[PDB]
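Data file: protein-v3.cif. Format and content: mmCIF, C-alpha atoms; chains and numbers go by the auth columns.
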```cif
data_entry
#
loop_
_atom_site.group_PDB
_atom_site.id
_atom_site.type_symbol
_atom_site.label_atom_id
_atom_site.label_comp_id
_atom_site.label_asym_id
_atom_site.label_seq_id
_atom_site.Cartn_x
_atom_site.Cartn_y
_atom_site.Cartn_z
_atom_site.B_iso_or_equiv
_atom_site.auth_seq_id
_atom_site.auth_asym_id
ATOM 1 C CA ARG A 1 -0.473 -4.566 2.707 0.00 349 A
ATOM 2 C CA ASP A 2 -4.233 -4.073 3.025 0.00 350 A
ATOM 3 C CA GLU A 3 -3.704 -1.176 5.434 0.00 351 A
ATOM 4 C CA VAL A 4 -1.150 0.352 3.051 0.00 352 A
ATOM 5 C CA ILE A 5 -3.660 0.090 0.195 0.00 353 A
ATOM 6 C CA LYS A 6 -6.246 1.748 2.440 0.00 354 A
ATOM 7 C CA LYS A 7 -3.775 4.543 3.211 0.00 355 A
ATOM 8 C CA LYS A 8 -3.073 5.011 -0.502 0.00 356 A
ATOM 9 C CA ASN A 9 -6.819 5.365 -1.018 0.00 357 A
ATOM 10 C CA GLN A 10 -6.756 7.876 1.837 0.00 358 A
ATOM 11 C CA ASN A 11 -4.002 9.873 0.146 0.00 359 A
ATOM 12 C CA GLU A 12 -5.862 9.875 -3.145 0.00 360 A
ATOM 13 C CA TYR A 13 -9.251 11.008 -1.864 0.00 361 A
ATOM 14 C CA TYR A 14 -7.319 13.659 0.042 0.00 362 A
ATOM 15 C CA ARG A 15 -5.902 14.630 -3.356 0.00 363 A
ATOM 16 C CA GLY A 16 -9.463 14.729 -4.676 0.00 364 A
ATOM 17 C CA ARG A 17 -10.427 17.037 -1.815 0.00 365 A
ATOM 18 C CA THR A 18 -7.342 19.110 -2.643 0.00 366 A
ATOM 19 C CA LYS A 19 -8.600 19.513 -6.209 0.00 367 A
ATOM 20 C CA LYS A 20 -12.067 20.380 -4.892 0.00 368 A
ATOM 21 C CA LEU A 21 -10.657 23.040 -2.567 0.00 369 A
ATOM 22 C CA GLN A 22 -8.529 24.381 -5.430 0.00 370 A
ATOM 23 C CA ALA A 23 -11.758 24.773 -7.401 0.00 371 A
ATOM 24 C CA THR A 24 -13.333 26.510 -4.410 0.00 372 A
ATOM 25 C CA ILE A 25 -10.445 28.962 -4.103 0.00 373 A
ATOM 26 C CA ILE A 26 -10.360 29.710 -7.842 0.00 374 A
ATOM 27 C CA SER A 27 -14.058 30.516 -7.429 0.00 375 A
ATOM 28 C CA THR A 28 -13.149 32.750 -4.477 0.00 376 A
ATOM 29 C CA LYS A 29 -10.558 34.553 -6.604 0.00 377 A
ATOM 30 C CA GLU A 30 -13.175 35.136 -9.304 0.00 378 A
ATOM 31 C CA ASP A 31 -15.422 36.532 -6.559 0.00 379 A
ATOM 32 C CA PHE A 32 -12.519 38.772 -5.508 0.00 380 A
ATOM 33 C CA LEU A 33 -12.165 40.011 -9.093 0.00 381 A
ATOM 34 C CA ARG A 34 -15.897 40.767 -9.175 0.00 382 A
ATOM 35 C CA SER A 35 -15.429 42.608 -5.875 0.00 383 A
ATOM 36 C CA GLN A 36 -12.775 44.798 -7.500 0.00 384 A
ATOM 37 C CA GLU A 37 -15.152 45.342 -10.424 0.00 385 A
ATOM 38 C CA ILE A 38 -17.757 46.628 -7.959 0.00 386 A
ATOM 39 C CA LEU A 39 -15.022 48.736 -6.337 0.00 387 A
ATOM 40 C CA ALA A 40 -14.307 50.324 -9.735 0.00 388 A
ATOM 41 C CA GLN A 41 -17.357 52.584 -9.420 0.00 389 A
ATOM 42 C CA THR A 42 -16.750 54.778 -6.396 0.00 390 A
ATOM 43 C CA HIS A 43 -20.175 55.494 -4.859 0.00 391 A
ATOM 44 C CA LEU A 44 -18.766 58.452 -2.955 0.00 392 A
ATOM 45 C CA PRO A 45 -21.145 59.892 -0.339 0.00 393 A
ATOM 46 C CA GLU A 46 -22.085 63.485 -1.045 0.00 394 A
ATOM 47 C CA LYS A 47 -19.696 66.203 0.090 0.00 395 A
ATOM 48 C CA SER A 48 -22.537 67.972 1.954 0.00 396 A
ATOM 49 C CA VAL A 49 -24.303 65.474 4.209 0.00 397 A
ATOM 50 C CA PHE A 50 -23.706 67.608 7.298 0.00 398 A
ATOM 51 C CA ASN B 1 31.499 -57.646 20.840 0.00 4 B
ATOM 52 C CA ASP B 2 30.310 -57.681 24.466 0.00 5 B
ATOM 53 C CA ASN B 3 26.698 -56.563 24.106 0.00 6 B
ATOM 54 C CA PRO B 4 25.421 -58.158 20.864 0.00 7 B
ATOM 55 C CA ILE B 5 24.594 -54.868 19.135 0.00 8 B
ATOM 56 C CA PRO B 6 26.012 -54.777 15.592 0.00 9 B
ATOM 57 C CA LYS B 7 26.947 -51.368 14.239 0.00 10 B
ATOM 58 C CA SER B 8 24.939 -51.852 11.035 0.00 11 B
ATOM 59 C CA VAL B 9 22.943 -54.525 9.211 0.00 12 B
ATOM 60 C CA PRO B 10 21.834 -54.970 5.576 0.00 13 B
ATOM 61 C CA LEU B 11 18.515 -53.474 4.548 0.00 14 B
ATOM 62 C CA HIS B 12 15.356 -55.577 4.886 0.00 15 B
ATOM 63 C CA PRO B 13 12.202 -55.371 2.730 0.00 16 B
ATOM 64 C CA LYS B 14 10.235 -54.328 5.816 0.00 17 B
ATOM 65 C CA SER B 15 12.922 -51.720 6.476 0.00 18 B
ATOM 66 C CA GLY B 16 12.810 -50.947 2.760 0.00 19 B
ATOM 67 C CA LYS B 17 9.198 -49.880 3.267 0.00 20 B
ATOM 68 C CA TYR B 18 10.264 -47.186 5.729 0.00 21 B
ATOM 69 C CA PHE B 19 13.278 -46.268 3.585 0.00 22 B
ATOM 70 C CA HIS B 20 10.946 -45.606 0.651 0.00 23 B
ATOM 71 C CA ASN B 21 8.620 -43.748 3.028 0.00 24 B
ATOM 72 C CA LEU B 22 11.361 -41.399 4.255 0.00 25 B
ATOM 73 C CA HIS B 23 11.540 -38.142 2.299 0.00 26 B
ATOM 74 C CA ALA B 24 12.695 -34.578 2.792 0.00 27 B
ATOM 75 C CA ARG B 25 9.789 -32.313 3.671 0.00 28 B
ATOM 76 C CA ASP B 26 9.095 -29.716 1.005 0.00 29 B
ATOM 77 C CA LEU B 27 9.216 -25.901 0.949 0.00 30 B
ATOM 78 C CA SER B 28 8.078 -25.319 -2.650 0.00 31 B
ATOM 79 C CA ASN B 29 4.741 -23.814 -1.607 0.00 32 B
ATOM 80 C CA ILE B 30 6.444 -21.842 1.170 0.00 33 B
ATOM 81 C CA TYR B 31 9.158 -20.571 -1.172 0.00 34 B
ATOM 82 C CA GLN B 32 6.702 -19.559 -3.897 0.00 35 B
ATOM 83 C CA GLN B 33 4.457 -17.785 -1.381 0.00 36 B
ATOM 84 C CA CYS B 34 7.490 -15.924 -0.020 0.00 37 B
ATOM 85 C CA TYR B 35 8.583 -14.965 -3.539 0.00 38 B
ATOM 86 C CA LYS B 36 5.114 -13.697 -4.451 0.00 39 B
ATOM 87 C CA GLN B 37 4.898 -11.754 -1.182 0.00 40 B
ATOM 88 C CA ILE B 38 8.236 -10.018 -1.697 0.00 41 B
ATOM 89 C CA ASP B 39 7.429 -9.322 -5.358 0.00 42 B
ATOM 90 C CA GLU B 40 4.098 -7.699 -4.509 0.00 43 B
ATOM 91 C CA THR B 41 5.784 -5.741 -1.710 0.00 44 B
ATOM 92 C CA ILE B 42 8.317 -4.406 -4.225 0.00 45 B
ATOM 93 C CA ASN B 43 5.521 -3.560 -6.667 0.00 46 B
ATOM 94 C CA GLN B 44 3.663 -1.666 -3.940 0.00 47 B
ATOM 95 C CA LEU B 45 6.858 0.144 -2.909 0.00 48 B
ATOM 96 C CA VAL B 46 7.413 1.211 -6.530 0.00 49 B
ATOM 97 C CA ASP B 47 4.642 3.815 -6.248 0.00 50 B
ATOM 98 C CA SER B 48 4.200 3.827 -2.455 0.00 51 B
ATOM 99 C CA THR B 49 6.853 6.423 -1.613 0.00 52 B
ATOM 100 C CA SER B 50 5.753 10.033 -1.920 0.00 53 B
ATOM 101 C CA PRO B 51 6.953 11.555 -5.219 0.00 54 B
#
```
Let me see whether you can do it: turn the structure in this file into structure tokens.
Amino acid sequence: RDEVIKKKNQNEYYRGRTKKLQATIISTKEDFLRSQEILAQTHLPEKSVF
Amino acid sequence: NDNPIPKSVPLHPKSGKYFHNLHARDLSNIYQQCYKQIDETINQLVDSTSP
């Protein structure tokens, strides 16, 4: 029973880490949206470098 | 008959001492511990299985 309680605690801090990683990946998706925002302006190199 | 060993005799006060001493050994504590153990196991199983 004690080991089962310990394993339940294991499952639930793993759930906490799951929530933390979900927060990390929502942050990554916001970073991805900001990346598209930067992509919106082209910054094309000039047509006459050469 | 033959060997003087009667099948049974009336109770004696000295034998009455042992007769009063004789009792059936109890399992109340054992039974209640078993009941509590199985009840807590059921309670743990209620939420133990993955949803």
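The residue that comes closest to chain B, out of A:377, A:356, A:391, A:365 and on the basis of all atoms listed in the file, is A:356.
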Pull the closest atom pair for each residue of chain A that gets at most 9 Å from chain B, along with the distance in Å to one decimal, counting all atoms listed in the file, ordering rows by chain and then ascending residue number, as a Markdown table.
```
| residue | atom | partner | partner_atom | distance |
| --- | --- | --- | --- | --- |
| A:349 | CA | B:44 | CA | 7.7 |
| A:352 | CA | B:51 | CA | 8.4 |
| A:353 | CA | B:47 | CA | 8.6 |
| A:356 | CA | B:51 | CA | 7.6 |
```
Item to complete: Measure the distance from CA of residue 359 in chain A to CA of residue 49 in chain B in Å and round it to one decimal.
Response: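 Calculated distance between CA of residue 359 in chain A and CA of residue 49 in chain B is 15.8 Å.
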For range 392-396 of chain A, take all atoms listed in the file, fit an axis-aligned box around them, add 8 Å to each of the six sides, then output centre and edge lengths in Å rounded to one decimal, as lines of an AutoDock Vina configuration file.
```
center_x = -20.7
center_y = 63.2
center_z = -0.5
size_x = 19.8
size_y = 25.5
size_z = 20.9
```
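Between CA of residue 38 in chain B and CA of residue 25 in chain B the separation is 27.7 Å.
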Fill in: Å distance separating CA of residue 366 in chain A from CA of residue 54 in chain B, one decimal place
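Distance between the two atoms: 16.4 Å.
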From the coordinates I just gave you, please extract range 350-393 of chain A so that only N, CA and C atoms remain, then output it as an mmCIF file, in the first residue's frame.
```cif
data_model
loop_
_atom_site.group_PDB
_atom_site.id
_atom_site.type_symbol
_atom_site.label_atom_id
_atom_site.label_comp_id
_atom_site.auth_asym_id
_atom_site.auth_seq_id
_atom_site.Cartn_x
_atom_site.Cartn_y
_atom_site.Cartn_z
ATOM 1 N N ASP A 350 1.925 1.264 0.801
ATOM 2 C CA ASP A 350 2.819 2.417 0.828
ATOM 3 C C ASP A 350 3.476 2.634 -0.529
ATOM 4 N N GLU A 351 3.908 1.550 -1.176
ATOM 5 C CA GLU A 351 4.506 1.676 -2.501
ATOM 6 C C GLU A 351 3.486 2.160 -3.524
ATOM 7 N N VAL A 352 2.230 1.732 -3.392
ATOM 8 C CA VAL A 352 1.188 2.190 -4.307
ATOM 9 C C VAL A 352 0.916 3.676 -4.105
ATOM 10 N N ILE A 353 0.914 4.132 -2.851
ATOM 11 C CA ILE A 353 0.769 5.560 -2.577
ATOM 12 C C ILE A 353 1.935 6.334 -3.177
ATOM 13 N N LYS A 354 3.151 5.803 -3.030
ATOM 14 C CA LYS A 354 4.319 6.436 -3.631
ATOM 15 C C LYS A 354 4.182 6.515 -5.147
ATOM 16 N N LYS A 355 3.658 5.460 -5.769
ATOM 17 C CA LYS A 355 3.487 5.464 -7.218
ATOM 18 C C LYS A 355 2.381 6.416 -7.658
ATOM 19 N N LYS A 356 1.333 6.573 -6.848
ATOM 20 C CA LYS A 356 0.344 7.611 -7.122
ATOM 21 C C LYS A 356 0.972 8.995 -7.069
ATOM 22 N N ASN A 357 1.811 9.239 -6.062
ATOM 23 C CA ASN A 357 2.530 10.506 -5.998
ATOM 24 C C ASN A 357 3.434 10.676 -7.211
ATOM 25 N N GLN A 358 4.021 9.575 -7.683
ATOM 26 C CA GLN A 358 4.820 9.620 -8.902
ATOM 27 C C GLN A 358 3.976 10.039 -10.095
ATOM 28 N N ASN A 359 2.825 9.393 -10.267
ATOM 29 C CA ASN A 359 1.919 9.745 -11.351
ATOM 30 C C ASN A 359 1.534 11.212 -11.284
ATOM 31 N N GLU A 360 1.307 11.733 -10.078
ATOM 32 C CA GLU A 360 0.769 13.084 -10.003
ATOM 33 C C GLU A 360 1.861 14.143 -10.161
ATOM 34 N N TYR A 361 3.110 13.878 -9.743
ATOM 35 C CA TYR A 361 4.105 14.893 -10.091
ATOM 36 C C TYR A 361 4.480 14.772 -11.560
ATOM 37 N N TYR A 362 4.315 13.582 -12.146
ATOM 38 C CA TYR A 362 4.452 13.474 -13.592
ATOM 39 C C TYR A 362 3.368 14.274 -14.302
ATOM 40 N N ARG A 363 2.157 14.291 -13.744
ATOM 41 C CA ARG A 363 1.106 15.157 -14.274
ATOM 42 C C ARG A 363 1.472 16.629 -14.116
ATOM 43 N N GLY A 364 2.078 16.988 -12.984
ATOM 44 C CA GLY A 364 2.555 18.353 -12.817
ATOM 45 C C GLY A 364 3.602 18.729 -13.850
ATOM 46 N N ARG A 365 4.538 17.818 -14.118
ATOM 47 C CA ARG A 365 5.523 18.044 -15.170
ATOM 48 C C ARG A 365 4.868 18.098 -16.543
ATOM 49 N N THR A 366 3.791 17.337 -16.742
ATOM 50 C CA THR A 366 3.037 17.424 -17.987
ATOM 51 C C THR A 366 2.435 18.810 -18.160
ATOM 52 N N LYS A 367 1.851 19.356 -17.095
ATOM 53 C CA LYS A 367 1.319 20.715 -17.161
ATOM 54 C C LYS A 367 2.430 21.726 -17.417
ATOM 55 N N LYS A 368 3.583 21.539 -16.771
ATOM 56 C CA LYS A 368 4.707 22.445 -16.986
ATOM 57 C C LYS A 368 5.188 22.396 -18.432
ATOM 58 N N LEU A 369 5.287 21.196 -19.007
ATOM 59 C CA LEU A 369 5.714 21.093 -20.397
ATOM 60 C C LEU A 369 4.647 21.622 -21.347
ATOM 61 N N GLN A 370 3.368 21.497 -20.984
ATOM 62 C CA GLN A 370 2.315 22.120 -21.781
ATOM 63 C C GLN A 370 2.460 23.636 -21.779
ATOM 64 N N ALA A 371 2.803 24.211 -20.626
ATOM 65 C CA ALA A 371 3.092 25.641 -20.573
ATOM 66 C C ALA A 371 4.304 25.987 -21.432
ATOM 67 N N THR A 372 5.342 25.153 -21.384
ATOM 68 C CA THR A 372 6.512 25.413 -22.216
ATOM 69 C C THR A 372 6.143 25.399 -23.694
ATOM 70 N N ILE A 373 5.307 24.448 -24.116
ATOM 71 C CA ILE A 373 5.026 24.335 -25.543
ATOM 72 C C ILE A 373 4.015 25.386 -25.999
ATOM 73 N N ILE A 374 3.125 25.850 -25.114
ATOM 74 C CA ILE A 374 2.308 27.010 -25.475
ATOM 75 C C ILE A 374 3.193 28.243 -25.634
ATOM 76 N N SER A 375 4.220 28.373 -24.785
ATOM 77 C CA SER A 375 5.186 29.452 -24.974
ATOM 78 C C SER A 375 5.919 29.306 -26.304
ATOM 79 N N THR A 376 6.286 28.075 -26.667
ATOM 80 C CA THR A 376 6.949 27.845 -27.948
ATOM 81 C C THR A 376 6.039 28.211 -29.113
ATOM 82 N N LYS A 377 4.743 27.918 -29.001
ATOM 83 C CA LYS A 377 3.820 28.281 -30.072
ATOM 84 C C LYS A 377 3.656 29.792 -30.176
ATOM 85 N N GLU A 378 3.662 30.496 -29.040
ATOM 86 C CA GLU A 378 3.670 31.957 -29.105
ATOM 87 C C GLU A 378 4.948 32.470 -29.764
ATOM 88 N N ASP A 379 6.084 31.835 -29.467
ATOM 89 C CA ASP A 379 7.330 32.186 -30.146
ATOM 90 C C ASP A 379 7.224 31.937 -31.646
ATOM 91 N N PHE A 380 6.570 30.843 -32.031
ATOM 92 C CA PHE A 380 6.357 30.529 -33.441
ATOM 93 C C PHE A 380 5.484 31.584 -34.116
ATOM 94 N N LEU A 381 4.446 32.048 -33.418
ATOM 95 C CA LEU A 381 3.617 33.128 -33.948
ATOM 96 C C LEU A 381 4.423 34.411 -34.120
ATOM 97 N N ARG A 382 5.275 34.732 -33.144
ATOM 98 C CA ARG A 382 6.151 35.893 -33.286
ATOM 99 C C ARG A 382 7.121 35.710 -34.449
ATOM 100 N N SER A 383 7.569 34.474 -34.675
ATOM 101 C CA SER A 383 8.428 34.188 -35.818
ATOM 102 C C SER A 383 7.707 34.470 -37.128
ATOM 103 N N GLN A 384 6.441 34.061 -37.232
ATOM 104 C CA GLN A 384 5.661 34.411 -38.421
ATOM 105 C C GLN A 384 5.484 35.918 -38.544
ATOM 106 N N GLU A 385 5.294 36.607 -37.417
ATOM 107 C CA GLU A 385 5.182 38.063 -37.458
ATOM 108 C C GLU A 385 6.446 38.688 -38.036
ATOM 109 N N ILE A 386 7.612 38.181 -37.636
ATOM 110 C CA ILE A 386 8.869 38.659 -38.211
ATOM 111 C C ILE A 386 8.952 38.288 -39.689
ATOM 112 N N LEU A 387 8.454 37.103 -40.046
ATOM 113 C CA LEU A 387 8.413 36.688 -41.446
ATOM 114 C C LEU A 387 7.510 37.575 -42.292
ATOM 115 N N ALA A 388 6.550 38.269 -41.672
ATOM 116 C CA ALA A 388 5.601 39.072 -42.439
ATOM 117 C C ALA A 388 6.304 40.135 -43.274
ATOM 118 N N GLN A 389 7.287 40.822 -42.702
ATOM 119 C CA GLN A 389 8.111 41.744 -43.472
ATOM 120 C C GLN A 389 9.224 40.962 -44.166
ATOM 121 N N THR A 390 9.374 41.192 -45.472
ATOM 122 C CA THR A 390 10.127 40.270 -46.317
ATOM 123 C C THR A 390 11.629 40.347 -46.062
ATOM 124 N N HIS A 391 12.182 41.561 -46.018
ATOM 125 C CA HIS A 391 13.633 41.769 -46.066
ATOM 126 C C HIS A 391 14.257 41.048 -47.259
ATOM 127 N N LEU A 392 13.780 41.378 -48.453
ATOM 128 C CA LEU A 392 14.362 40.813 -49.659
ATOM 129 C C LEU A 392 15.719 41.455 -49.939
ATOM 130 N N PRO A 393 16.753 40.657 -50.202
ATOM 131 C CA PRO A 393 18.021 41.227 -50.666
ATOM 132 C C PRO A 393 17.826 41.928 -51.999
#
```
